[PDB]
Amino acid sequence: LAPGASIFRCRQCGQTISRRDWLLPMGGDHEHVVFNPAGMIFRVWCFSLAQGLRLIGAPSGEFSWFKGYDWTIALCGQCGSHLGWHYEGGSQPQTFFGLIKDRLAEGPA
Ligand SMILES: O=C1CC[C@@H](Nc2ccccc2)C(=O)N1
Ligand SMILES: [Zn+2]
């Protein structure tokens, strides 16, 4: 009844992005803390599915945090905020999204 933690929206503009129902335990945990070559730390949640994003450029395997996957930058399709990455080219599953937990807002359906 009236769940308040069902949908993830973009924290900057409110664009619909994903659902708690779509969280994916990659390697046995939905949460992965990672850093990029510029040393920036991200708390990443894996989702099977997302919407309202704009995937920019072409996939790269360079420095992928997930063995066997190529990544594309995922922007909020509405406001352009960097929300994470789409992962493709791997196995079980072939694709998923890694989204930056603190750039999303959790709320009712
Ligand atoms: O799986 C990933 C996706 C984002 C990526 N960041 C990156 C930044 C500048 C150059 C190359 C990669 C990273 O390190 N790992
Ligand atoms: Zn946005």
Side-chain angles (χ1 to χ4, degrees), residues 2-42 44-61 63-66 68-87 89-109:
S6 208
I7 300 298
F8 294 95
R9 293 190 177 279
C10 175
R11 180 182 172 174
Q12 307 309 130
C13 75
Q15 173 96 305
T16 320
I17 304 292
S18 201
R19 307 193 145 247
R20 176 158 284 278
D21 280 350
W22 299 347
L23 275 171
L24 173 64
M26 277 284 299
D29 209 313
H30 71 263
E31 198 168 62
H32 298 257
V33 182
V34 294
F35 68 91
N36 78 2
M40 317 163 76
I41 307 264
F42 303 93
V44 169
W45 284 4
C46 305
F47 293 90
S48 292
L49 186 56
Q51 62 190 105
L53 299 160
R54 279 185 48 255
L55 309 181
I56 304 297
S60 170
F63 298 124
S64 182
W65 296 310
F66 299 100
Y69 296 92
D70 311 308
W71 52 264
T72 57
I73 290 160
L75 306 180
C76 174
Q78 178 160 268
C79 82
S81 164
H82 178 211
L83 293 186
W85 307 267
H86 187 240
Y87 290 90
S91 321
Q92 202 166 37
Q94 282 182 315
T95 69
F96 69 99
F97 298 82
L99 303 184
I100 306 161
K101 172 268 289 196
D102 62 293
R103 298 191 191 188
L104 299 177
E106 188 165 12

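We number each residue from 1, following the sequence as shown.
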So, taking the atom named CD in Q15 and the one named CD in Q51, what distance separates them when rounded to the nearest 0.5 Å? 8.0 Å

Measuring from atom CD of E31 to atom CE of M26, what distance do you get when rounded to the nearest 0.5 angstrom? 14.5 Å

Tested for ring pair (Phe, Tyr, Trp, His ring centres under 6.0 Å) against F96, the lone hit among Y87, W85, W65 is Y87

Which atom of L83 lies closest to which atom of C76, heavy atoms considered: CD1-CB, 3.7 Å

Is any side-chain heavy atom of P59 closer than 4.5 Å to one of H86? no

Listed by chain and number, what are the salt bridge (charged side-chain N to carboxylate O under 4.0 Å, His left out) partners of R20, not counting sequence neighbours? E106

Which pair of heavy atoms, one from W22 and one from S18, lies closest together, and at what distance? CE3-OG, 3.5 Å

Shortest non-hydrogen separation from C10 to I17 and the atoms involved: N-CG1, 3.7 Å

For the backbone of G107 and the side chain of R9, can you confirm whether one donor and one acceptor N or O come within less than 3.5 Å of each other? no

Determine whether a donor-acceptor pair (N or O, by modelled atom type, separation under 3.5 Å) exists between the side chain of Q12 and the backbone of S81. no

Does the side chain of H32 come within less than 4.5 Å of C46's, by heavy atoms? yes

What are the two closest non-hydrogen atoms of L75 and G80, and how far apart are they? CD2-O, 3.7 Å

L23 vs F47, side chain to side chain contact (heavy atoms under 4.5 Å, CB included): CA-CA, chis, key distance, verdict: CA-CA 4 Å; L23 275 171; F47 293 90; 3.5 Å; yes

Can you find a pair of side-chain heavy atoms, one from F97 and one from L53, that are under 4.5 Å apart? yes

About how many Å separate CH2 of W71 and CZ of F66, when rounded to the nearest 0.5 Å? 13.5 Å

Quick check: do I41 and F35 have side-chain heavy atoms less than 4.5 Å from each other? yes

How far apart are the closest heavy atoms of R103 and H82, and which atoms are they? NH1-O, 2.8 Å

Specify the closest pair of heavy atoms between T72 and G57, including all atoms of both residues, with the distance to one decimal. CG2-O, 4.3 Å

Among residues at least two apart in sequence or on other chains, which ones pass side-chain hydrogen bond (donor to acceptor under 3.5 Å, both in side chains) with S48? none

Kindly write out the residues that satisfy side-chain hydrogen bond (donor to acceptor under 3.5 Å, both in side chains) with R19, not counting sequence neighbours, or none if the list is empty. none

Same cluster or not: are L49 and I7 linked, directly or through other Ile, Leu, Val, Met, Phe, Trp or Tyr residues, by side-chain heavy atoms under 4.5 angstrom apart? no

